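Take a look at the structure set out below.
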Amino acid sequence: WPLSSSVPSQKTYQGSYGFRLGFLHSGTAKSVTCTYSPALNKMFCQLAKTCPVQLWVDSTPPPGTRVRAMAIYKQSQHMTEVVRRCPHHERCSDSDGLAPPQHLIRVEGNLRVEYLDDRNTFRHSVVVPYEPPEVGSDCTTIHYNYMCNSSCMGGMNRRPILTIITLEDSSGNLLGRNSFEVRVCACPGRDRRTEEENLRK
Amino acid sequence: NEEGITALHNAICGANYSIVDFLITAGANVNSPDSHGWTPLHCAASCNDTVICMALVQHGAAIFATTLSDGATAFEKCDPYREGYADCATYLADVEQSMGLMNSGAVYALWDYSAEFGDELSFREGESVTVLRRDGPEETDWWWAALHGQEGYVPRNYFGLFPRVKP
Ligand SMILES: [Zn+2]
C-alpha cells in the first residue's frame, strides 16, 4: 500500500464554537462493552460494538456543518502508514451496504453517512452531517464502530492508533478538532483497568 | 439493605469492575453512606483499589467525605497491610491537592447548600465553582470561592473534582 505524504493534525482545537468531546460507556451490566479512560485519553472498545462519542459545543455551528473521523498511527515511525482493515476483515462478510470494506471506522444509525478515500493523502475517513442536540440533551452523540482489532496481523498489528474528530463547514474548512487514543480489544474494561494500573508505576 | 449497603457498595469490595462501571454510568449515587457512614469511595480505598477510586472520583466522589465511626476520609482508610497501598494513597493524596488547582481551580458541588451566614456562598448540586483561596491556614475546612460573580466561603466536603452523573 502507498504511504501518505503527510500526517493529519491531532491538535486539540475548540475553535469559535467551543468544540470538545465527551464519552459514554456501553457496557451492558456485567458485559464491559466500550469504556473511556479520562486519565489516559483513551477509548477501549470491542470490535463492531457501539462506541458513543459526544460532541459538545458552546454555541451552534451553521447548518451544513459536518463531522469527520479519521484514524492515524500514534507512533511517529508509523504515522505515514494509512490505517486500514486487515486482509481477513476486509474480505469478511460484515458489510452494512454503505461502508468501504477497507475502512476501520464506521458510523451506525445514520443514512447520510459518507466515506472518503483521499486521492492525495490516501487516508480513510468517515463524515456525517452535524445535527444539534435533541430537546433536553446537552450534546450530539455519534455512534462509531471499529471494525478491526488492535492485534490484527496485517492491519494495526498491535500498534496504537488515535482517532481525530474534526468539525468542518459545508466546504470542508476546519471549525474545530479533538482526538483520543483507541484500543480495539476483546475485553475493554480489563484492558483499561490494566493500563491505568501500569501508568501509576 | 439493613446495613445501609447499596448495590454499588457490594460490587466495589468484590472487585467486580464491570458491575461498578455500569452502575456509575447509570447514575448510582457515588456518595451513598452505609450505616457506618462509609461511602463507595471509602470501600474502594480500604481495598486499595486505585482503578475504582479513579472511576468514582471522575464521577462525583466526595474526596473529603468522612465516615461516622472514626471520622476518617477515604485517603485515611487505605490499608498498608494489603498490596497496592502506596499507589492508592498517592493517587488520593494527589487528588486532594489537585482540587482548587487543576481544571482552572474549578470544583463541582455535590449537594445543594443554603448559606448560614452572609459571608458564605449558596449553591445547588451540579454547579461549577472556582476556588480562589485554597490553602488558607486559618481555615482548613473552607475555601474562598466564586459562583456567578459572587465570592464567599464554601465547605470543602461539598465538592468533587468532577460532577455527579445525572439520570
Ligand atoms: Zn483486522
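Each chain in the C-alpha cells gets a letter, A, B and so on, in the order shown; residues start at 1 in every chain, and ligands are counted from 1 in the order they appear.
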Task: Contact residues around residue 57 in chain B with only C-alpha atoms at 9 Å, ignoring same-chain residues under 2 positions, as a VMD selection string - done: chain B and resid 30 41 52 to 55 59 to 63 95 160 to 162
Open item on the list: Distance limit 12 Å, atoms considered: only C-alpha atoms. Which chain B residues sit that close to chain A? Return them as a VMD selection string.
Closed with: chain B and resid 11 15 to 26 48 to 55 57 to 59 84 to 92 94 162 165 to 166
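You will find CA of residue 36 in chain B at 27.8 Å from CA of residue 98 in chain B.
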Task: All residues having an atom within 8 Å of ligand 1 (only C-alpha atoms and all ligand atoms) as a ChimeraX atom specification - done: /A:85-90,147-156
Using N, CA and C atoms, can you export the residues from the last selection as a PDB file, in the first residue's frame?
ATOM      1  N   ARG A  85      -8.199  -1.813   7.377  1.00  0.00           N
ATOM      2  CA  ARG A  85      -8.516  -3.142   7.905  1.00  0.00           C
ATOM      3  C   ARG A  85      -7.576  -4.216   7.357  1.00  0.00           C
ATOM      4  N   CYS A  86      -7.397  -5.264   8.149  1.00  0.00           N
ATOM      5  CA  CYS A  86      -6.521  -6.358   7.768  1.00  0.00           C
ATOM      6  C   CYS A  86      -7.118  -7.184   6.648  1.00  0.00           C
ATOM      7  N   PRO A  87      -6.294  -8.034   6.005  1.00  0.00           N
ATOM      8  CA  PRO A  87      -6.832  -8.814   4.888  1.00  0.00           C
ATOM      9  C   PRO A  87      -8.086  -9.628   5.274  1.00  0.00           C
ATOM     10  N   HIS A  88      -8.046 -10.256   6.443  1.00  0.00           N
ATOM     11  CA  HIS A  88      -9.169 -11.071   6.895  1.00  0.00           C
ATOM     12  C   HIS A  88     -10.458 -10.264   6.984  1.00  0.00           C
ATOM     13  N   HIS A  89     -10.409  -9.147   7.694  1.00  0.00           N
ATOM     14  CA  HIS A  89     -11.611  -8.360   7.917  1.00  0.00           C
ATOM     15  C   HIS A  89     -12.102  -7.670   6.656  1.00  0.00           C
ATOM     16  N   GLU A  90     -11.165  -7.234   5.824  1.00  0.00           N
ATOM     17  CA  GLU A  90     -11.516  -6.617   4.549  1.00  0.00           C
ATOM     18  C   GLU A  90     -12.353  -7.565   3.689  1.00  0.00           C
ATOM     19  N   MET A 147     -13.856  -1.715  13.207  1.00  0.00           N
ATOM     20  CA  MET A 147     -14.091  -2.993  12.514  1.00  0.00           C
ATOM     21  C   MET A 147     -12.842  -3.870  12.397  1.00  0.00           C
ATOM     22  N   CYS A 148     -11.834  -3.550  13.182  1.00  0.00           N
ATOM     23  CA  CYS A 148     -10.628  -4.378  13.215  1.00  0.00           C
ATOM     24  C   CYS A 148     -10.023  -4.331  14.611  1.00  0.00           C
ATOM     25  N   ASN A 149      -9.431  -5.430  15.063  1.00  0.00           N
ATOM     26  CA  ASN A 149      -8.790  -5.488  16.397  1.00  0.00           C
ATOM     27  C   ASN A 149      -7.401  -4.917  16.363  1.00  0.00           C
ATOM     28  N   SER A 150      -6.990  -4.293  17.465  1.00  0.00           N
ATOM     29  CA  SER A 150      -5.657  -3.722  17.514  1.00  0.00           C
ATOM     30  C   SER A 150      -4.614  -4.798  17.197  1.00  0.00           C
ATOM     31  N   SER A 151      -4.962  -6.053  17.493  1.00  0.00           N
ATOM     32  CA  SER A 151      -3.978  -7.129  17.417  1.00  0.00           C
ATOM     33  C   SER A 151      -3.897  -7.740  16.026  1.00  0.00           C
ATOM     34  N   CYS A 152      -4.783  -7.334  15.122  1.00  0.00           N
ATOM     35  CA  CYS A 152      -4.829  -7.991  13.809  1.00  0.00           C
ATOM     36  C   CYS A 152      -3.504  -7.883  13.049  1.00  0.00           C
ATOM     37  N   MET A 153      -2.890  -9.038  12.770  1.00  0.00           N
ATOM     38  CA  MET A 153      -1.728  -9.071  11.900  1.00  0.00           C
ATOM     39  C   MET A 153      -2.136  -8.633  10.498  1.00  0.00           C
ATOM     40  N   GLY A 154      -1.293  -7.836   9.857  1.00  0.00           N
ATOM     41  CA  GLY A 154      -1.607  -7.359   8.518  1.00  0.00           C
ATOM     42  C   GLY A 154      -2.460  -6.109   8.558  1.00  0.00           C
ATOM     43  N   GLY A 155      -2.912  -5.756   9.759  1.00  0.00           N
ATOM     44  CA  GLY A 155      -3.584  -4.488   9.988  1.00  0.00           C
ATOM     45  C   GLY A 155      -2.814  -3.659  10.995  1.00  0.00           C
ATOM     46  N   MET A 156      -3.493  -3.212  12.043  1.00  0.00           N
ATOM     47  CA  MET A 156      -2.843  -2.384  13.054  1.00  0.00           C
ATOM     48  C   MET A 156      -1.672  -3.117  13.703  1.00  0.00           C
TER      49      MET A 156
END
TODO: Could you give me, as a list in words, the residues within 6 Å of residue 146 in chain B, counting only C-alpha atoms and dropping anything in the same chain fewer than 2 positions from it?
DONE: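 Within the cut-off, the hits are residues 129, 130, 150 and 151 of chain B.
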Let me see the file: selected residues, N, CA and C atoms, as a PDB file, in the first residue's frame.
ATOM      1  N   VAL B 129     -17.846  25.670  40.542  1.00  0.00           N
ATOM      2  CA  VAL B 129     -17.416  26.752  41.405  1.00  0.00           C
ATOM      3  C   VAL B 129     -15.894  26.906  41.311  1.00  0.00           C
ATOM      4  N   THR B 130     -15.409  28.145  41.215  1.00  0.00           N
ATOM      5  CA  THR B 130     -13.975  28.366  41.138  1.00  0.00           C
ATOM      6  C   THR B 130     -13.436  28.662  42.517  1.00  0.00           C
ATOM      7  N   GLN B 150     -20.329  35.956  42.415  1.00  0.00           N
ATOM      8  CA  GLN B 150     -20.417  36.105  43.853  1.00  0.00           C
ATOM      9  C   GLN B 150     -19.243  35.379  44.535  1.00  0.00           C
ATOM     10  N   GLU B 151     -18.645  36.009  45.550  1.00  0.00           N
ATOM     11  CA  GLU B 151     -17.496  35.435  46.262  1.00  0.00           C
ATOM     12  C   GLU B 151     -17.860  35.135  47.710  1.00  0.00           C
TER      13      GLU B 151
END
Task: Distance in Å - CA of residue 123 in chain A versus CA of residue 82 in chain A - done: 5.7 Å
Task: 10 Å contact set for residue 133 in chain B, only C-alpha atoms, chain neighbours under 6 positions out, as a ChimeraX atom specification - done: /B:100-101,105,142-146,153
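Closest to residue 124 in chain A among A:84, A:21, A:76, A:145 is A:84, based on only C-alpha atoms.
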Task: d(CA of residue 164 in chain A, CA of residue 191 in chain A) in Å - done: 21.6 Å
Close residues, residue 165 in chain A itself excluded, 8 Å, only C-alpha atoms, min 5 positions apart in chain, as a short mmCIF file (atom, residue, chain, number, x, y, z; two decimals) with C-alpha atoms, in the first residue's frame:
data_model
loop_
_atom_site.label_atom_id
_atom_site.label_comp_id
_atom_site.auth_asym_id
_atom_site.auth_seq_id
_atom_site.Cartn_x
_atom_site.Cartn_y
_atom_site.Cartn_z
CA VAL A 67 -18.26 15.93 11.46
CA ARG A 68 -15.32 13.82 10.24
CA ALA A 69 -13.48 10.91 11.92
CA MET A 70 -10.09 9.56 10.84
CA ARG A 177 -10.59 19.43 16.23
CA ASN A 178 -10.14 16.91 19.04
CA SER A 179 -8.60 13.44 19.35
#
TODO: Skip range 125-136 of chain A itself and residues of its chain fewer than 3 positions away, then list as a ChimeraX atom specification all residues within 8 Å of it, counting only C-alpha atoms.
DONE: /A:60,63-71,103,105-107,110,112-117,139-141
Please produce a file of those selected residues containing C-alpha atoms, as a PDB file, in the first residue's frame.
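And here's selection.pdb as it stands now:
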ATOM      1  CA  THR A  60     -24.373  26.190  17.479  1.00  0.00           C
ATOM      2  CA  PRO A  63     -26.426  24.359   9.074  1.00  0.00           C
ATOM      3  CA  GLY A  64     -24.355  22.297   6.640  1.00  0.00           C
ATOM      4  CA  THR A  65     -21.628  21.718   9.203  1.00  0.00           C
ATOM      5  CA  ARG A  66     -20.122  18.227   9.049  1.00  0.00           C
ATOM      6  CA  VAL A  67     -18.258  15.927  11.456  1.00  0.00           C
ATOM      7  CA  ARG A  68     -15.323  13.817  10.241  1.00  0.00           C
ATOM      8  CA  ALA A  69     -13.476  10.915  11.919  1.00  0.00           C
ATOM      9  CA  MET A  70     -10.087   9.563  10.840  1.00  0.00           C
ATOM     10  CA  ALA A  71      -7.567   7.158  12.403  1.00  0.00           C
ATOM     11  CA  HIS A 103     -12.419   1.213   6.348  1.00  0.00           C
ATOM     12  CA  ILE A 105     -14.241   3.366  11.332  1.00  0.00           C
ATOM     13  CA  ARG A 106     -17.964   3.209  10.527  1.00  0.00           C
ATOM     14  CA  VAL A 107     -20.863   5.288  11.768  1.00  0.00           C
ATOM     15  CA  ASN A 110     -27.150   7.498  10.055  1.00  0.00           C
ATOM     16  CA  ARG A 112     -26.426  10.256   5.461  1.00  0.00           C
ATOM     17  CA  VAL A 113     -23.010   8.830   6.343  1.00  0.00           C
ATOM     18  CA  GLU A 114     -20.344   9.425   3.703  1.00  0.00           C
ATOM     19  CA  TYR A 115     -16.935   7.765   3.272  1.00  0.00           C
ATOM     20  CA  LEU A 116     -13.734   9.122   1.706  1.00  0.00           C
ATOM     21  CA  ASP A 117     -10.542   7.609   0.322  1.00  0.00           C
ATOM     22  CA  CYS A 139     -24.710  17.180  23.296  1.00  0.00           C
ATOM     23  CA  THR A 140     -24.825  15.409  19.951  1.00  0.00           C
ATOM     24  CA  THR A 141     -23.987  11.727  20.074  1.00  0.00           C
TER      25      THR A 141
END
TODO: Would you mind writing down, as a PyMOL selection string, each residue of chain A that DSSP on the backbone assigns to strand (DSSP E)?
DONE: chain A and resi 20-23+34-37+42-45+51-56+66-73+105-108+114-117+124-129+140-146+161-168+174-184
- [ ] Output as a PyMOL selection string all residues of range 14-191 of chain A that backbone DSSP marks as helix (DSSP H, G or I).
- [x] chain A and resi 76-78+87-91+188-191
Store the residues picked out above in a file with N, CA, C and O atoms, as an mmCIF file, in the first residue's frame.
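Written file, result-v1.cif:
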data_model
loop_
_atom_site.group_PDB
_atom_site.id
_atom_site.type_symbol
_atom_site.label_atom_id
_atom_site.label_comp_id
_atom_site.auth_asym_id
_atom_site.auth_seq_id
_atom_site.Cartn_x
_atom_site.Cartn_y
_atom_site.Cartn_z
ATOM 1 N N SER A 76 5.420 7.972 15.871
ATOM 2 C CA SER A 76 5.973 8.774 14.789
ATOM 3 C C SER A 76 6.382 7.946 13.567
ATOM 4 O O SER A 76 6.170 8.362 12.430
ATOM 5 N N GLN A 77 6.967 6.780 13.805
ATOM 6 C CA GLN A 77 7.513 5.974 12.715
ATOM 7 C C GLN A 77 6.438 5.331 11.848
ATOM 8 O O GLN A 77 6.713 4.922 10.717
ATOM 9 N N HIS A 78 5.215 5.254 12.366
ATOM 10 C CA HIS A 78 4.143 4.575 11.651
ATOM 11 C C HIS A 78 3.120 5.567 11.135
ATOM 12 O O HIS A 78 2.190 5.201 10.415
ATOM 13 N N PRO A 87 -6.294 -8.034 6.005
ATOM 14 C CA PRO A 87 -6.832 -8.814 4.888
ATOM 15 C C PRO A 87 -8.086 -9.628 5.274
ATOM 16 O O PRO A 87 -9.051 -9.698 4.511
ATOM 17 N N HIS A 88 -8.046 -10.256 6.443
ATOM 18 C CA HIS A 88 -9.169 -11.071 6.895
ATOM 19 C C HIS A 88 -10.458 -10.264 6.984
ATOM 20 O O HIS A 88 -11.487 -10.657 6.438
ATOM 21 N N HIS A 89 -10.409 -9.147 7.694
ATOM 22 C CA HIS A 89 -11.611 -8.360 7.917
ATOM 23 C C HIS A 89 -12.102 -7.670 6.656
ATOM 24 O O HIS A 89 -13.307 -7.568 6.426
ATOM 25 N N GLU A 90 -11.165 -7.234 5.824
ATOM 26 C CA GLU A 90 -11.516 -6.617 4.549
ATOM 27 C C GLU A 90 -12.353 -7.565 3.689
ATOM 28 O O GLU A 90 -13.272 -7.132 2.988
ATOM 29 N N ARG A 91 -12.018 -8.853 3.744
ATOM 30 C CA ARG A 91 -12.714 -9.887 2.982
ATOM 31 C C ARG A 91 -13.926 -10.519 3.684
ATOM 32 O O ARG A 91 -14.711 -11.207 3.039
ATOM 33 N N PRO A 188 -12.365 -4.661 26.811
ATOM 34 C CA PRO A 188 -12.007 -3.249 27.007
ATOM 35 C C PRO A 188 -11.911 -2.848 28.489
ATOM 36 O O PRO A 188 -10.995 -2.122 28.864
ATOM 37 N N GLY A 189 -12.839 -3.320 29.316
ATOM 38 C CA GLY A 189 -12.806 -2.999 30.736
ATOM 39 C C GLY A 189 -11.521 -3.457 31.405
ATOM 40 O O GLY A 189 -10.822 -2.679 32.056
ATOM 41 N N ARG A 190 -11.201 -4.732 31.237
ATOM 42 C CA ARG A 190 -9.968 -5.287 31.786
ATOM 43 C C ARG A 190 -8.751 -4.567 31.244
ATOM 44 O O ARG A 190 -7.844 -4.250 31.990
ATOM 45 N N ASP A 191 -8.702 -4.322 29.943
ATOM 46 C CA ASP A 191 -7.529 -3.655 29.384
ATOM 47 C C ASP A 191 -7.361 -2.224 29.880
ATOM 48 O O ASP A 191 -6.238 -1.777 30.117
#
Task: Residue neighbourhood residue 122 in chain B, 12 Å, only C-alpha atoms, exclusion window fewer than 3 positions, as a PyMOL selection string - done: chain B and resi 109+111-119+125+127+129+145-148+150-155+158
Open item on the list: I need the residue nearest residue 180 in chain A from this list: A:40, A:104, A:83, A:51. Use only C-alpha atoms for the distance.
Closed with: A:40
